[PDB]
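Notes follow once the structure below has been shown.
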Amino acid sequence: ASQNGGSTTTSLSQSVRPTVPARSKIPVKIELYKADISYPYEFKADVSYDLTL
Amino acid sequence: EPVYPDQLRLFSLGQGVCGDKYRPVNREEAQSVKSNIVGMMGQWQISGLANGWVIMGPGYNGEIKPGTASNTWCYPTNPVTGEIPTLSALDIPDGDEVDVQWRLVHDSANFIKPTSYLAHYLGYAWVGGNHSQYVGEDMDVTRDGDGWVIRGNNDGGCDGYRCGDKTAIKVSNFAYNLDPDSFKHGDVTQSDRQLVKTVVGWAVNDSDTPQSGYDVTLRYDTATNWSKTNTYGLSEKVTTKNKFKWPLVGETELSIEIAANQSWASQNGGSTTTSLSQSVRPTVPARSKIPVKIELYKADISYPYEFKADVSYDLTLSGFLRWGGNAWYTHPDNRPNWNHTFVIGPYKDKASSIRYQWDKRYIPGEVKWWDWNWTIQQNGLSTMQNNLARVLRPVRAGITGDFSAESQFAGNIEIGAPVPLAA
Amino acid sequence: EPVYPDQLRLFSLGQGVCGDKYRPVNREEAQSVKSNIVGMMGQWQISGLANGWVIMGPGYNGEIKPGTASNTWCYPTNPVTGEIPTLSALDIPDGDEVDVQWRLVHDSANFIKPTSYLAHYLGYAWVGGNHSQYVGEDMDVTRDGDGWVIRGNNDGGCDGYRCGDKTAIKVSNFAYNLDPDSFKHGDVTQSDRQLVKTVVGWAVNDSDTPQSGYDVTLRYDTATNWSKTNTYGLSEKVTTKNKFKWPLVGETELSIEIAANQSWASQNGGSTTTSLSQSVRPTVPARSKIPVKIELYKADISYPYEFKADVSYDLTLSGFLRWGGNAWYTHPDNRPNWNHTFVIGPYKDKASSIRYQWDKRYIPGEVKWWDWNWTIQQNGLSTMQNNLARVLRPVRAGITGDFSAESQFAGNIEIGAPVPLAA
């Protein structure tokens, strides 16, 4: 038998490390979330042209 | 420079080609007219163009060709903006989520009267007796179980018919974003905690000179996997058999069989794993013995949350348009109900403000809503702008609240006293 | 600005529309009334509104329409707060976990009398003879096996019936969180230790100039995997056979068979692995020979723990409400028992304080508890506030204790003397 196949995985892997040179108790909070994002965009001059007749 | 349909109607006084004393009408803008010719032109009516050409109304197939006639050159000479008069954000009294949302849903001036009026311009049907273009005499504003606006059934009268229908406005599933520093979450509290695991360690450094740090690296990984496969198999077998049989033990029934097997399968699947992997490394420049403790735990977390001003609004209207009874042009009149998108928040293809702009420019893109321009024929589209502004403007009021979620992983690192060591 | 049901009753003296000399009643707040109209209005009774309109009691379907009548404009003119009088945290004498928890469960003023009274307002049934609105003459406070409060059965008398029922208050499965520096764990002790593994190494640096550090990196990974799959297979086979048989050896019984196989399966599964992966790297700027030792081990760990003040309280009551016998409105009267949530600790949807606030604002969200407002009709909801405060306030007392767990992995790194090397 012969076979082919493949898989794709995406990982979100954050690393947080406070140096904290202090004698203390320091809370840290790391969050993952999903969202809809939208940005207004500033004007851009150039455009490329693709033409077939 | 596209010409807006607003002023586009005929200039009565003008001659046109013979010398209007205005800026010329041209081919480029002329072609852009086809989708709203009916608004401007009568069936037989004729209209001119500066390059010695003419346009004809809907009665004809007409291409852009020679003729003589008047039109508006006047409007193109001095175009007018078309903009929303004021973008300014509304300030509503602050509070908690229940009350702030209510006040917004309650506001006659800020919410209801304008939303109803906008609905009126846009095609929504009317109910019973009227007082002005918005919320009728019999009409009322009460709350739905969902928190939406609703009214009583008994009186009826939509489009002057006894049917039960009433207009309703949805409260959105609120979503917000905040650019400023103006909000915060307070100190955390753990409602419940269970301790999952602990790991302890130390670095022993008796000798004077060699001092170096210690690294503990952990990984807690749990994962789930799911997959499904489908296999198809085809079996082909040809067999022959003879009954001669071989005397010693050929077999009385002697068969020979060949089977060809073919099978193939395809599958898909996937898995997700989450890992909590802390790394602790004390530098510890000292001659010592240093304990370190690393902990993993599970807990319920809750935070009080500081007031935040902004909120985004998502609105889609009721399905009343089908009852609407106004001149459509773009859509045929149909009985079955269709909910019409009002999106205030920025979703480019959905948002109303863009569609308003798009209608002014004229773009043939894909569309699934009733267009803005027919209002010009029906209502003139004047002095409406402030009403549209009422709906479109951002609204904000500080809502204080809570931050809570399902139980989550948490962790901790403790460091001991570096006990003096000696050789 | 939502109007609270408290003061909402009728103003007897007032005329209303004809000129009350108060701030106007309006439509926005009027619609918000529907869910508690029965409290305020008689069946036929009529009430007014400032925009020349009127409201009618439960007898009618009535929409908001024209009429003339009095109502409260008075209360809306000057609203009152509705708040809890004092949030202050209670201080109880310190001790160990057994005793501190007991003292809390024992406190008549701080726990029992107020909790019982709150229960009384909220719908809990009464038992036998009474002394005040809380814990009756016959009633008593003793401890359940679980540590909860309980009383003797013999006397009986719930709702004045011989049945055995008694009120009980649960001790929570305590959970706490601490913002301050005020707590600590002491030195660790190893009850037992087993040594899992050891690895040793060294860097030899004879030559004068090249001096560089050495890195030992380890990984100990153990994992478990679990999965289950289900496969469905369908087999379709058509066969034909002839009996002509071929003389040499066709086969007397000549069959040809074709089988089509189809199968598919889906599965899910997952695995978790934990790794202990230490990394040690001495910089060792010296011309030397340096031994390093890295150890993995398993052990039982125990720490004495310094006193911590705060504790969070989780409370759900008994199931007595069904026996309760008070005017319900929201719920029908039913015999089967239902436990009612009291959550003191912050869980937004569960917590009592929020529900109290929510009832004041009026929000139609999903709800599964008896509402706060019916108390106004039944008891007036006055001078109760301090009692609610008694239950709601945070309580703290230092409890010293132990920190213990199941045996865990631990590790260690030892560094040797850097022995002088020469070329």
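If you're wondering about the labels, chains in the structure tokens are A, B, ... by order shown, residues count from 1 in each chain, ligands from 1 in order shown.
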
For chain A against chain B, with a cut-off of 12 Å and counting only C-alpha atoms, what is the closest atom pair and its distance in Å to one decimal for every residue that makes the cut, ordered by chain and number, as CSV?
residue,atom,partner,partner_atom,distance
A:1,CA,B:264,CA,9.0
A:2,CA,B:264,CA,9.7
A:3,CA,B:264,CA,9.2
A:4,CA,B:266,CA,9.8
A:5,CA,B:266,CA,9.1
A:6,CA,B:268,CA,9.6
A:7,CA,B:270,CA,8.1
A:8,CA,B:270,CA,8.9
A:9,CA,B:270,CA,8.5
A:10,CA,B:272,CA,9.6
A:11,CA,B:272,CA,9.4
A:12,CA,B:274,CA,10.0
A:13,CA,B:275,CA,9.4
A:14,CA,B:277,CA,10.6
A:15,CA,B:278,CA,9.1
A:16,CA,B:278,CA,9.7
A:17,CA,B:279,CA,9.2
A:18,CA,B:280,CA,11.1
A:19,CA,B:282,CA,10.6
A:20,CA,B:282,CA,11.5
A:21,CA,B:282,CA,11.2
A:23,CA,B:415,CA,10.8
A:24,CA,B:414,CA,10.7
A:25,CA,B:414,CA,9.3
A:26,CA,B:412,CA,9.6
A:27,CA,B:412,CA,8.9
A:28,CA,B:411,CA,9.6
A:29,CA,B:410,CA,8.8
A:30,CA,B:410,CA,9.7
A:31,CA,B:408,CA,10.8
A:32,CA,B:274,CA,11.8
A:35,CA,B:175,CA,9.9
A:36,CA,B:347,CA,9.3
A:37,CA,B:346,CA,9.4
A:38,CA,B:346,CA,7.2
A:39,CA,B:346,CA,9.1
A:40,CA,B:346,CA,9.6

Per-residue nearest contacts chain B to chain C, cut-off 6 Å, using only C-alpha atoms, as a Markdown table:
| residue | atom | partner | partner_atom | distance |
| --- | --- | --- | --- | --- |
| B:99 | CA | C:361 | CA | 5.9 |
| B:106 | CA | C:28 | CA | 5.0 |
| B:142 | CA | C:31 | CA | 4.5 |
| B:145 | CA | C:364 | CA | 5.8 |
| B:189 | CA | C:177 | CA | 5.2 |
| B:190 | CA | C:177 | CA | 4.8 |
| B:191 | CA | C:175 | CA | 5.5 |
| B:192 | CA | C:175 | CA | 4.4 |
| B:199 | CA | C:410 | CA | 5.3 |
| B:200 | CA | C:410 | CA | 4.6 |
| B:201 | CA | C:411 | CA | 4.6 |
| B:202 | CA | C:412 | CA | 5.0 |
| B:203 | CA | C:413 | CA | 5.0 |
| B:204 | CA | C:414 | CA | 5.2 |
| B:212 | CA | C:282 | CA | 5.5 |
| B:214 | CA | C:280 | CA | 5.9 |
| B:215 | CA | C:279 | CA | 5.4 |
| B:216 | CA | C:278 | CA | 4.9 |
| B:217 | CA | C:277 | CA | 5.2 |
| B:218 | CA | C:276 | CA | 5.5 |
| B:219 | CA | C:275 | CA | 5.5 |
| B:220 | CA | C:274 | CA | 5.1 |
| B:221 | CA | C:272 | CA | 5.2 |
| B:222 | CA | C:272 | CA | 4.1 |
| B:223 | CA | C:270 | CA | 4.8 |
| B:224 | CA | C:270 | CA | 3.6 |
| B:225 | CA | C:269 | CA | 4.5 |
| B:226 | CA | C:268 | CA | 3.7 |
| B:227 | CA | C:267 | CA | 4.9 |
| B:228 | CA | C:266 | CA | 3.4 |
| B:229 | CA | C:265 | CA | 4.9 |
| B:230 | CA | C:264 | CA | 3.6 |
| B:231 | CA | C:263 | CA | 4.7 |
| B:232 | CA | C:262 | CA | 4.3 |
| B:233 | CA | C:261 | CA | 4.1 |
| B:234 | CA | C:260 | CA | 4.4 |
| B:235 | CA | C:259 | CA | 4.7 |
| B:236 | CA | C:258 | CA | 4.9 |
| B:237 | CA | C:257 | CA | 5.6 |
| B:238 | CA | C:256 | CA | 5.3 |
| B:240 | CA | C:250 | CA | 4.8 |
| B:241 | CA | C:251 | CA | 2.6 |
| B:242 | CA | C:251 | CA | 3.5 |

Write the residues of the preceding selection, restricted to N, CA and C atoms, as a tab-separated table (two decimals), in the first residue's frame.
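result.tsv, written as the output of this step:
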chain	number	residue	atom	x	y	z
B	99	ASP	N	-28.35	48.44	34.60
B	99	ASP	CA	-28.94	49.74	34.46
B	99	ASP	C	-28.45	50.52	33.27
B	106	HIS	N	-34.01	52.46	27.01
B	106	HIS	CA	-35.10	53.31	27.43
B	106	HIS	C	-35.16	54.66	26.76
B	142	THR	N	-42.19	48.56	25.63
B	142	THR	CA	-42.12	47.75	26.82
B	142	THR	C	-41.01	46.77	26.63
B	145	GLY	N	-38.74	39.58	27.06
B	145	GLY	CA	-38.12	38.74	28.05
B	145	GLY	C	-36.63	38.82	27.88
B	189	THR	N	-9.68	37.12	43.77
B	189	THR	CA	-10.06	36.36	44.92
B	189	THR	C	-10.21	34.94	44.47
B	190	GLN	N	-9.77	33.96	45.29
B	190	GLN	CA	-9.98	32.60	44.87
B	190	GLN	C	-11.11	32.02	45.64
B	191	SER	N	-12.20	31.70	44.92
B	191	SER	CA	-13.37	31.17	45.52
B	191	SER	C	-13.07	29.80	46.05
B	192	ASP	N	-12.42	28.97	45.22
B	192	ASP	CA	-12.10	27.61	45.58
B	192	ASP	C	-10.76	27.34	44.96
B	199	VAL	N	6.47	20.49	43.09
B	199	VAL	CA	7.78	19.96	42.85
B	199	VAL	C	8.73	20.82	43.62
B	200	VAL	N	9.72	20.20	44.30
B	200	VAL	CA	10.62	20.96	45.13
B	200	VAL	C	12.04	20.66	44.72
B	201	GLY	N	12.99	21.58	45.01
B	201	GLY	CA	14.35	21.33	44.64
B	201	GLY	C	15.28	22.28	45.33
B	202	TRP	N	16.60	22.06	45.18
B	202	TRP	CA	17.53	22.97	45.76
B	202	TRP	C	18.87	22.83	45.11
B	203	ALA	N	19.71	23.87	45.29
B	203	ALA	CA	21.06	23.88	44.81
B	203	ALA	C	21.92	23.95	46.03
B	204	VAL	N	22.94	23.06	46.12
B	204	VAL	CA	23.82	23.05	47.26
B	204	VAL	C	25.15	23.54	46.78
B	212	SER	N	26.76	29.30	40.98
B	212	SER	CA	26.02	29.36	39.75
B	212	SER	C	24.57	29.08	40.04
B	214	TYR	N	20.48	27.77	39.19
B	214	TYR	CA	19.84	26.49	39.07
B	214	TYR	C	18.58	26.68	38.29
B	215	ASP	N	18.28	25.74	37.36
B	215	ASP	CA	17.10	25.88	36.55
B	215	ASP	C	16.25	24.66	36.71
B	216	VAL	N	14.95	24.89	37.01
B	216	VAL	CA	13.97	23.85	37.08
B	216	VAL	C	13.02	24.18	35.97
B	217	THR	N	12.76	23.21	35.07
B	217	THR	CA	11.86	23.46	33.98
B	217	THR	C	10.79	22.41	34.04
B	218	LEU	N	9.51	22.82	33.93
B	218	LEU	CA	8.45	21.86	34.04
B	218	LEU	C	7.60	21.90	32.81
B	219	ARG	N	6.83	20.82	32.58
B	219	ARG	CA	5.86	20.74	31.52
B	219	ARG	C	4.74	19.84	31.97
B	220	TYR	N	3.50	20.37	31.96
B	220	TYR	CA	2.35	19.58	32.27
B	220	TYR	C	1.51	19.63	31.03
B	221	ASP	N	1.38	18.49	30.32
B	221	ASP	CA	0.70	18.57	29.07
B	221	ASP	C	-0.41	17.56	29.04
B	222	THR	N	-1.62	18.01	28.66
B	222	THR	CA	-2.73	17.11	28.56
B	222	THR	C	-3.33	17.35	27.21
B	223	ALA	N	-3.82	16.28	26.53
B	223	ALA	CA	-4.33	16.52	25.21
B	223	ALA	C	-5.44	15.56	24.90
B	224	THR	N	-6.24	15.90	23.87
B	224	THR	CA	-7.32	15.07	23.42
B	224	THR	C	-7.15	14.88	21.94
B	225	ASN	N	-7.61	13.73	21.41
B	225	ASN	CA	-7.46	13.47	20.00
B	225	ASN	C	-8.77	12.94	19.48
B	226	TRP	N	-9.15	13.35	18.24
B	226	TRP	CA	-10.37	12.87	17.65
B	226	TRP	C	-10.11	12.63	16.20
B	227	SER	N	-10.65	11.53	15.63
B	227	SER	CA	-10.45	11.28	14.23
B	227	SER	C	-11.53	10.35	13.75
B	228	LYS	N	-11.76	10.35	12.42
B	228	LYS	CA	-12.70	9.45	11.82
B	228	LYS	C	-12.17	9.08	10.47
B	229	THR	N	-12.37	7.81	10.05
B	229	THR	CA	-11.87	7.39	8.77
B	229	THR	C	-12.94	6.61	8.08
B	230	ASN	N	-12.92	6.62	6.73
B	230	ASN	CA	-13.87	5.84	6.00
B	230	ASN	C	-13.09	5.03	5.02
B	231	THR	N	-13.37	3.71	4.95
B	231	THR	CA	-12.60	2.92	4.05
B	231	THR	C	-13.53	2.21	3.13
B	232	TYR	N	-13.14	2.11	1.85
B	232	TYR	CA	-13.96	1.42	0.89
B	232	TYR	C	-13.14	0.27	0.41
B	233	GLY	N	-13.74	-0.93	0.36
B	233	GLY	CA	-12.97	-2.05	-0.08
B	233	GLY	C	-13.74	-2.77	-1.14
B	234	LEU	N	-13.02	-3.23	-2.18
B	234	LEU	CA	-13.63	-3.97	-3.25
B	234	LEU	C	-12.90	-5.27	-3.35
B	235	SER	N	-13.64	-6.40	-3.40
B	235	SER	CA	-12.98	-7.67	-3.48
B	235	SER	C	-13.44	-8.35	-4.73
B	236	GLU	N	-12.47	-8.86	-5.51
B	236	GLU	CA	-12.78	-9.53	-6.74
B	236	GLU	C	-12.15	-10.88	-6.63
B	237	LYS	N	-12.95	-11.96	-6.80
B	237	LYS	CA	-12.34	-13.25	-6.66
B	237	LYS	C	-12.85	-14.12	-7.76
B	238	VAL	N	-11.93	-14.83	-8.44
B	238	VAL	CA	-12.32	-15.76	-9.46
B	238	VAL	C	-11.88	-17.09	-8.97
B	240	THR	N	-11.97	-21.56	-9.61
B	240	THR	CA	-12.27	-22.68	-10.47
B	240	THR	C	-12.16	-23.89	-9.61
B	241	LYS	N	-12.88	-24.97	-9.97
B	241	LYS	CA	-12.79	-26.14	-9.15
B	241	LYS	C	-12.97	-27.35	-10.02
B	242	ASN	N	-12.31	-28.47	-9.67
B	242	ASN	CA	-12.44	-29.67	-10.45
B	242	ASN	C	-12.82	-30.77	-9.51

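Using only C-alpha atoms, the nearest neighbour of residue 160 (chain C) within the list C:83, C:46, C:353, C:126 is C:126.
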
- Contacts of residue 12 (chain C) within 9 Å, only C-alpha atoms, excl. fewer than 3 positions in-chain, as a PyMOL selection string: chain C and resi 15+70-71

- Could you name the residues that touch residue 14 (chain B) at 10 Å or less, counting only C-alpha atoms, but leaving out those on the same chain fewer than 2 positions away, as a list in words?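 My list of contacting residues is residues 10, 11, 12, 16, 17, 18, 19, 20, 21, 22, 69, 70, 71, 72, 73 and 74 of chain B.
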
- Report the residues of region 1-194 of chain C whose backbone DSSP state falls under strand (DSSP E), written as a VMD selection string. chain C and resid 46 to 49 53 to 56 65 to 66 90 to 91 95 to 96 142 to 143 149 to 150 189 to 194

Residue selection dump (N, CA and C atoms) as a PDB file, in the first residue's frame:
ATOM      1  N   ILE C  46     -56.164  52.527  38.628  1.00  0.00           N
ATOM      2  CA  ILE C  46     -55.577  53.267  37.536  1.00  0.00           C
ATOM      3  C   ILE C  46     -54.486  54.161  38.065  1.00  0.00           C
ATOM      4  N   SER C  47     -53.420  54.392  37.256  1.00  0.00           N
ATOM      5  CA  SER C  47     -52.329  55.240  37.668  1.00  0.00           C
ATOM      6  C   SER C  47     -51.872  56.071  36.494  1.00  0.00           C
ATOM      7  N   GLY C  48     -51.369  57.305  36.757  1.00  0.00           N
ATOM      8  CA  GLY C  48     -51.055  58.245  35.700  1.00  0.00           C
ATOM      9  C   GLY C  48     -49.610  58.306  35.280  1.00  0.00           C
ATOM     10  N   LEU C  49     -49.362  59.198  34.293  1.00  0.00           N
ATOM     11  CA  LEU C  49     -48.071  59.440  33.714  1.00  0.00           C
ATOM     12  C   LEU C  49     -48.113  60.837  33.139  1.00  0.00           C
ATOM     13  N   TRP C  53     -50.621  60.421  29.911  1.00  0.00           N
ATOM     14  CA  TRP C  53     -51.047  59.059  29.699  1.00  0.00           C
ATOM     15  C   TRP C  53     -51.335  58.382  31.013  1.00  0.00           C
ATOM     16  N   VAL C  54     -51.814  57.110  30.956  1.00  0.00           N
ATOM     17  CA  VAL C  54     -52.234  56.372  32.124  1.00  0.00           C
ATOM     18  C   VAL C  54     -51.892  54.902  31.985  1.00  0.00           C
ATOM     19  N   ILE C  55     -51.811  54.201  33.143  1.00  0.00           N
ATOM     20  CA  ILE C  55     -51.507  52.801  33.295  1.00  0.00           C
ATOM     21  C   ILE C  55     -52.671  52.191  34.026  1.00  0.00           C
ATOM     22  N   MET C  56     -52.967  50.901  33.762  1.00  0.00           N
ATOM     23  CA  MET C  56     -54.065  50.247  34.426  1.00  0.00           C
ATOM     24  C   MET C  56     -53.540  48.992  35.060  1.00  0.00           C
ATOM     25  N   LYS C  65     -51.671  54.603  27.308  1.00  0.00           N
ATOM     26  CA  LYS C  65     -52.485  55.487  26.509  1.00  0.00           C
ATOM     27  C   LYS C  65     -53.018  56.616  27.352  1.00  0.00           C
ATOM     28  N   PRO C  66     -53.782  57.507  26.753  1.00  0.00           N
ATOM     29  CA  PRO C  66     -54.293  58.666  27.449  1.00  0.00           C
ATOM     30  C   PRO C  66     -55.297  58.372  28.528  1.00  0.00           C
ATOM     31  N   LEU C  90     -15.469  41.269  59.593  1.00  0.00           N
ATOM     32  CA  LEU C  90     -15.562  40.811  60.951  1.00  0.00           C
ATOM     33  C   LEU C  90     -14.250  40.250  61.404  1.00  0.00           C
ATOM     34  N   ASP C  91     -13.937  40.476  62.696  1.00  0.00           N
ATOM     35  CA  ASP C  91     -12.732  39.960  63.274  1.00  0.00           C
ATOM     36  C   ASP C  91     -13.146  38.932  64.289  1.00  0.00           C
ATOM     37  N   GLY C  95      -6.803  31.033  65.633  1.00  0.00           N
ATOM     38  CA  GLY C  95      -6.625  29.704  66.136  1.00  0.00           C
ATOM     39  C   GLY C  95      -6.181  28.802  65.025  1.00  0.00           C
ATOM     40  N   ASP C  96      -6.632  27.532  65.106  1.00  0.00           N
ATOM     41  CA  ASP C  96      -6.368  26.498  64.149  1.00  0.00           C
ATOM     42  C   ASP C  96      -7.633  26.314  63.357  1.00  0.00           C
ATOM     43  N   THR C 142     -27.081  22.455  66.979  1.00  0.00           N
ATOM     44  CA  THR C 142     -26.155  21.408  67.338  1.00  0.00           C
ATOM     45  C   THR C 142     -25.385  21.052  66.104  1.00  0.00           C
ATOM     46  N   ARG C 143     -24.371  20.164  66.220  1.00  0.00           N
ATOM     47  CA  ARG C 143     -23.599  19.897  65.038  1.00  0.00           C
ATOM     48  C   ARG C 143     -23.919  18.591  64.403  1.00  0.00           C
ATOM     49  N   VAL C 149     -24.856  22.705  60.898  1.00  0.00           N
ATOM     50  CA  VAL C 149     -25.731  22.899  62.022  1.00  0.00           C
ATOM     51  C   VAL C 149     -26.929  22.002  61.855  1.00  0.00           C
ATOM     52  N   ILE C 150     -27.431  21.410  62.966  1.00  0.00           N
ATOM     53  CA  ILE C 150     -28.606  20.576  62.906  1.00  0.00           C
ATOM     54  C   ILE C 150     -29.309  20.649  64.236  1.00  0.00           C
ATOM     55  N   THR C 189       9.992  19.582  55.402  1.00  0.00           N
ATOM     56  CA  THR C 189      10.556  18.414  56.008  1.00  0.00           C
ATOM     57  C   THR C 189      10.266  17.275  55.083  1.00  0.00           C
ATOM     58  N   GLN C 190      11.223  16.339  54.903  1.00  0.00           N
ATOM     59  CA  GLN C 190      10.907  15.217  54.064  1.00  0.00           C
ATOM     60  C   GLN C 190      10.649  14.027  54.921  1.00  0.00           C
ATOM     61  N   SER C 191       9.393  13.553  54.879  1.00  0.00           N
ATOM     62  CA  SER C 191       8.984  12.436  55.673  1.00  0.00           C
ATOM     63  C   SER C 191       9.678  11.208  55.179  1.00  0.00           C
ATOM     64  N   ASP C 192       9.668  11.005  53.851  1.00  0.00           N
ATOM     65  CA  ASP C 192      10.265   9.853  53.239  1.00  0.00           C
ATOM     66  C   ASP C 192      10.857  10.338  51.954  1.00  0.00           C
ATOM     67  N   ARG C 193      11.888   9.637  51.434  1.00  0.00           N
ATOM     68  CA  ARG C 193      12.469  10.021  50.178  1.00  0.00           C
ATOM     69  C   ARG C 193      12.952   8.764  49.516  1.00  0.00           C
ATOM     70  N   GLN C 194      12.794   8.664  48.180  1.00  0.00           N
ATOM     71  CA  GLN C 194      13.343   7.562  47.439  1.00  0.00           C
ATOM     72  C   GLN C 194      14.143   8.215  46.358  1.00  0.00           C
TER      73      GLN C 194
END

- Message: Residues near residue 309 (chain B), anyone? I mean within 9 Å using only C-alpha atoms, not counting same-chain ones fewer than 4 positions away, as a VMD selection string.
- Response: chain B and resid 94 178 182 to 183 395 to 399

- Query: How far is it from CA of residue 118 (chain C) to CA of residue 368 (chain C), in Å with one decimal?
  - Reply: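 Separation of CA of residue 118 (chain C) and CA of residue 368 (chain C): 18.3 Å.
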
- Note on the structure: Using only C-alpha atoms, the shortest atom-to-atom distance to residue 82 (chain B) among B:168, B:321, B:3, B:343 belongs to B:3
